[PDB]
Every structure is written in structure tokens, then in C-alpha cells.
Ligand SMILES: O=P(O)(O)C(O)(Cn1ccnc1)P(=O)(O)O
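Quick heads-up: it's one chain on its own, the form solved without ligand ZOL, in C-alpha cells.
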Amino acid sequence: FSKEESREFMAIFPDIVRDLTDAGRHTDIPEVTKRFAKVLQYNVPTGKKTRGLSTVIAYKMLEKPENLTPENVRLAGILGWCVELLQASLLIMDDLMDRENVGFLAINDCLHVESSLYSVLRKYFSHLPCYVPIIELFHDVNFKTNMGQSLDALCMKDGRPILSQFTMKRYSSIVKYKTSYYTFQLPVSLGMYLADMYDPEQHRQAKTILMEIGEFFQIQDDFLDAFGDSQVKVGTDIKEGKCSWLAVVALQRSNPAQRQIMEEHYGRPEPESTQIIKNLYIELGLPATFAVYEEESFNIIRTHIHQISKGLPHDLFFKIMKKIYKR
């Protein structure tokens, strides 16, 4: 993203904190509002805000050039921060399920941070025609993300992976509901609504390509968890018994002997068991299978983007595609 784009986006964050914790209200509960300021400051604005900045870029590429005022680009930035509040709530839920001090999280902090995005939406968007579509989008994406988290959990029982559950159909459903809706659909649909693009067929056209990009994003992430260079963090998907693309394709390709290695060694704490699974992935040619998928999926997605109709700009989707595939 541009130096200008990053600086104007980051400049919004302190306002959102004041809006949620000060707002010149002279609160009767300053101790807990000061704590909530720290929860927001310590968890929301740090590292890459790729979903938030992607909301701004989406809007800038969908809106009429004449309507790209500083005021409208700032509203796009505020929507991006609502996406980052959602992201923060989900990472807090992950931190809590993993497991006072600086960086302490309360169990209800994830519910509280999630709820806060609706206060931001009400403050800035309640008088604009895009308001109800935007709040309904957040409601629907929230519900779908929760269903994705539950589907992922239904691949584990008594701390053991249920390998009978590791199908490509279930995997595709987990990625779609748990990740693709809030990561890929939400930023683009927000940009479209702020640009007063309400046509359901336009949103459906964007959705089809964004779910395809989302699936490759997660498959690449899964591949690199096992086969990536740590010095470019250490992957724990095998140890944690995750429903990974690697595990799903391993089970498709496995003979009975190879399947029994997965049953015995997948989702075990012992480092030796991780190396046994990695050795099986190498034997089954999962790297070559990933290489073929990467090429074939790139070509199909590029084709669908070139074919994008309903008055949608293809360059927006190419920018996203190029970002994920690193063309």
C-alpha cells in the first residue's frame, strides 16, 4: 500500500479509541473504559492491517473518481477499522483458546471488541443509505464465521483428530465460512456498499471470485505450515491435528498402510510424530500436487477475473490475485 494510504488509515485509529472510551461523555465508569482503551490499543492497530487497507483500496477502485473526497476516503478507512476490530476479536478468541500484566486478555474481551465495531458503524454511517446493507453484511458474516469455527471444531473429538471428517468438501466449507467471508468478501462488499453498489448480482459475481482466491490463500498457508522456511514462524498444524489441505489430500492419496500412519501419528505432541507425517507427505508427493494446484488454480482464477461482468472492475480483483499468488 502507498505511504499516503497507510498514514491516512493509521491516523483514524486514535479517533476510534476516543469514540469508544471517551467521546467527552465524562463516564461514571472511568476505570473499565481506561482498561477497554488499552484492550483496543494493545490488540487492534499493530502489524499488517491488510483486511482494513484492502477495504480502502476496494472503495477507491469501485467509487466514481469525482466522489473520492478526503471525507469519503476517510469513511472507507473507518469501515476498514471495523473489519480490523472483527479481526482483533477473532485473534483474541484464538489467544484465549490457546492460553494484571500488559497483554492480559479477559474471556469477554473478544465479545466486547466485536460489539465495538457496531458502535463505530452507528456513529459514522447511521445517516447514509449504505447503513442497513453494511450492518446486515457484518451480522451475516459474523454468524457465518461462527459456523465455520464450529465446523472446524467438529473435526476434533477428545483431543484427537477425526480423520473420517477430513474430506475436500468439508475442508472447502471450513475455509469459506471460517475465513473467506470475513477476510475476502467483507472488505470488497463494504467498498461496494459505500460506493452505493447494492445490486445482488454484482455482490454475487465478486463473491464467486473472492471465495476462489480465499481457497488458494488457505491452501498455500497450509502447504507453507509444513514445507515453508521457518526463518521466513514454526508450523504446528500436524501437532495440533488441524484439518489442513495437506492432511485432506494425504488421506485421498494414501493406501491402507499410509492411512494407518496418519491414524497413529497425526495430531500428536511428540516432535517425532510431526517428522513421520512430514515424511509421509513427501512420500505421497504433496509438494508436486501443490505445485500443479497452484498453476491450475492461478489460471482458472485469472480466467474468471478477465470474465468478470455486471460492470465490476477486473483490475481490483487482479490486484488481490497478484497479492496472494505473488505473481
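The first residue of the sequence shown is number 1, and the count goes up from there. Here the rigid core means the biggest group of C-alpha atoms that line up within 1.5 Å when the two forms are laid on top of each other.
One more form of this protein, deposited with ligand ZOL bound, exists but is not displayed; see below.
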**Complete:** Only one of 196 to 204, 122 to 130, 251 to 259, 173 to 181 sits within 4.5 Å of ligand ZOL in the bound PDB entry by heavy atom distance, namely 173 to 181
**Item:** Contact flag, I135 vs ligand ZOL in the bound PDB entry, heavy atom cut 4.5 Å
**Value:** no
**Request:** Indicate whether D140 is a 4.5 Å heavy atom neighbour of ligand ZOL in the bound PDB entry.
**Result:** no
**Prompt:** Hey, in the bound PDB entry, is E100 touching ligand ZOL, heavy atoms inside 4.5 Å?
**Reply:** no
**Asked** Is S115 a contact residue for ligand ZOL in the bound PDB entry, using a 4.5 Å heavy atom cut-off?
**Response** no
**Asked** With the partner left out here, if you bring back ligand ZOL in the bound PDB entry, are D94, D221 and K233 all within 4.5 Å of it by some heavy atom?
**Response** yes
**Complete:** Of the residues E272, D28, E66, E31, superposed on the core between this form and the one not shown, only the C-alpha of one moves by 2 Å or more, and that residue is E272
**Request:** For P129, decide whether the Cα shift between this form and the one not shown is 2 Å or greater, given a superposition on the rigid core.
**Result:** no
**Asked** When the two forms are laid on each other by their rigid core, does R253 show a Cα shift of 2 Å or more between this form and the one not shown?
**Response** yes
**Request:** Taking the rigid core as the superposition reference, indicate whether the CA of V44 shifts 2 angstroms or more between this form and the one not shown.
**Result:** no
